[PDB]
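First the structure, in the form of structure tokens, and then the observations on it.
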Amino acid sequence: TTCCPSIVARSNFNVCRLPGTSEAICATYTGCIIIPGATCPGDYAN
């Protein structure tokens, strides 16, 4: 599951994913995070 800190970060993440870039690389690129659960925390609300 991916969780993003802000709207901008999520939008950036989605563009990063368009060529098929691994989630983990898009995460460090944007500040989004990958978690094993389905429940994003309040400080990664987007």
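Letters for chains follow the order of the structure tokens (A, B, ...), residue numbers begin at 1 for each chain, and ligand numbers begin at 1 in the order shown.
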Do you know which residues are at most 6 Å from residue 3 in chain A counting only C-alpha atoms, after dropping those on the same chain fewer than 4 positions away, and could you put them as an MDAnalysis selection string?
chainID A and resid 32:33 40 44
| task | Name the closest residue to residue 26 in chain A among the candidates A:6, A:39, A:11, A:46; distances are taken between atoms, counting only C-alpha atoms. | result |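 Smallest separation from residue 26 in chain A among the options: A:11.
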| Which residues in chain A does DSSP call strand (DSSP E)? List them as a list in words. |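 Taking chain A and keeping strand (DSSP E) only, one gets residues 2, 3, 33 and 34 of chain A.
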Could you write out that same residue set with C-alpha atoms as a short mmCIF file (atom, residue, chain, number, x, y, z; two decimals), in the first residue's frame?
```cif
data_model
loop_
_atom_site.label_atom_id
_atom_site.label_comp_id
_atom_site.auth_asym_id
_atom_site.auth_seq_id
_atom_site.Cartn_x
_atom_site.Cartn_y
_atom_site.Cartn_z
CA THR A 2 1.32 3.43 -0.79
CA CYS A 3 0.82 6.49 1.42
CA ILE A 33 6.00 5.38 1.69
CA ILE A 34 5.12 1.70 1.13
#
```
Contact residues around residue 12 in chain A with only C-alpha atoms at 9 Å, ignoring same-chain residues under 3 positions, as a PDB file with N, CA and C atoms, in the first residue's frame:
```
ATOM      1  N   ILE A   7      -0.532  16.048  -1.323  1.00  0.00           N
ATOM      2  CA  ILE A   7      -1.173  15.937  -2.663  1.00  0.00           C
ATOM      3  C   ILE A   7      -0.023  15.920  -3.772  1.00  0.00           C
ATOM      4  N   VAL A   8       0.870  16.909  -3.694  1.00  0.00           N
ATOM      5  CA  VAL A   8       1.983  17.052  -4.633  1.00  0.00           C
ATOM      6  C   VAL A   8       2.768  15.717  -4.747  1.00  0.00           C
ATOM      7  N   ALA A   9       3.076  15.195  -3.566  1.00  0.00           N
ATOM      8  CA  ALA A   9       3.872  13.964  -3.523  1.00  0.00           C
ATOM      9  C   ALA A   9       3.146  12.822  -4.234  1.00  0.00           C
ATOM     10  N   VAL A  15       3.089  10.020 -11.553  1.00  0.00           N
ATOM     11  CA  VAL A  15       3.853  10.204 -12.773  1.00  0.00           C
ATOM     12  C   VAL A  15       5.086   9.263 -12.798  1.00  0.00           C
ATOM     13  N   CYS A  16       5.773   9.180 -11.668  1.00  0.00           N
ATOM     14  CA  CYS A  16       6.915   8.282 -11.560  1.00  0.00           C
ATOM     15  C   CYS A  16       6.560   6.839 -11.965  1.00  0.00           C
ATOM     16  N   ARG A  17       5.352   6.427 -11.607  1.00  0.00           N
ATOM     17  CA  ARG A  17       4.927   5.060 -11.906  1.00  0.00           C
ATOM     18  C   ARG A  17       4.584   4.811 -13.371  1.00  0.00           C
ATOM     19  N   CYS A  26      10.001   5.093  -6.575  1.00  0.00           N
ATOM     20  CA  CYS A  26       9.115   6.266  -6.567  1.00  0.00           C
ATOM     21  C   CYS A  26       8.893   6.814  -5.157  1.00  0.00           C
ATOM     22  N   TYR A  29      11.898   8.856  -4.218  1.00  0.00           N
ATOM     23  CA  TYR A  29      11.899  10.026  -5.091  1.00  0.00           C
ATOM     24  C   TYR A  29      10.941  11.114  -4.612  1.00  0.00           C
ATOM     25  N   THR A  30       9.802  10.708  -4.019  1.00  0.00           N
ATOM     26  CA  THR A  30       8.749  11.629  -3.679  1.00  0.00           C
ATOM     27  C   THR A  30       8.517  11.928  -2.200  1.00  0.00           C
TER      28      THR A  30
END
```
Backbone DSSP call of helix (DSSP H, G or I) for chain A, listed as a short mmCIF file (atom, residue, chain, number, x, y, z; two decimals) with C-alpha atoms, in the first residue's frame:
```cif
data_model
loop_
_atom_site.label_atom_id
_atom_site.label_comp_id
_atom_site.auth_asym_id
_atom_site.auth_seq_id
_atom_site.Cartn_x
_atom_site.Cartn_y
_atom_site.Cartn_z
CA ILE A 7 -1.17 15.94 -2.66
CA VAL A 8 1.98 17.05 -4.63
CA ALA A 9 3.87 13.96 -3.52
CA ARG A 10 1.07 11.66 -4.65
CA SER A 11 0.78 13.38 -8.02
CA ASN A 12 4.56 13.07 -8.44
CA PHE A 13 4.41 9.41 -7.44
CA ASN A 14 1.78 8.64 -10.04
CA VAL A 15 3.85 10.20 -12.77
CA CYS A 16 6.91 8.28 -11.56
CA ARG A 17 4.93 5.06 -11.91
CA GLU A 23 7.22 1.64 -6.04
CA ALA A 24 10.26 1.67 -3.79
CA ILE A 25 12.13 4.04 -6.10
CA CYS A 26 9.11 6.27 -6.57
CA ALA A 27 8.81 6.36 -2.77
CA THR A 28 12.29 7.67 -2.12
CA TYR A 29 11.90 10.03 -5.09
CA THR A 30 8.75 11.63 -3.68
#
```
